[PDB]
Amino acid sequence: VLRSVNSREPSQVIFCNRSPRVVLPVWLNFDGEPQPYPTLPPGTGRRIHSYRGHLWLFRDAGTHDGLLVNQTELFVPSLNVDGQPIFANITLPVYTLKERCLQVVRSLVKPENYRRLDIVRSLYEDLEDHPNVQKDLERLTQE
């Protein structure tokens, strides 16, 4: 279900990183396969060439934490009105406190030492279940 439409209609976009993370843009190809594109440092923007009907998602390039684009999960380039490029505003979501805590703990502890933390077994498994694109694509497919 989640794949780019082969419209062959150019759509010029500005990927605008309004987050403190290094952003990894991901294009869902014609077979639904996630294709990584060059990263964007925090606070930077790039004018990119895409097509109408194409599917994009944005992640933190280092940890694969999910990011929002125009307040939602997926970005679909649309029709350029009067030659104006479409802004793809990439922002941090309002993560849950739990997800934000899991991010901070993952950034301080090597994956080998998650088992040495004095926490309940369910939290060790939550730490090990690192954010991933395939898992989110399956979540978004079921929905």
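In this text, the rigid core denotes the largest set of C-alpha atoms whose superposition between the two forms falls within 1.5 Å. Heads up: residue numbers just count along the shown sequence, starting at 1.
Looking at 113-121 and 93-101, the one farther from the shown form in 9 other deposited structures of this protein by average CA distance, after a rigid core fit, turns out to be 113-121. For the pair 111-119 and 28-36, the record assigns the higher mean C-alpha temperature factor to 111-119.
Taking only CA atoms, the mean B-factor in the PDB entry is higher for 126-134 than for the other of 126-134 and 19-27. For the set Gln103, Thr91, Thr96, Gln84, the PDB entry assigns the largest Cα B-factor to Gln84. Per the deposited record, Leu79 carries the highest C-alpha B-factor of all listed residues (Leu79, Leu55, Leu67, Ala61).
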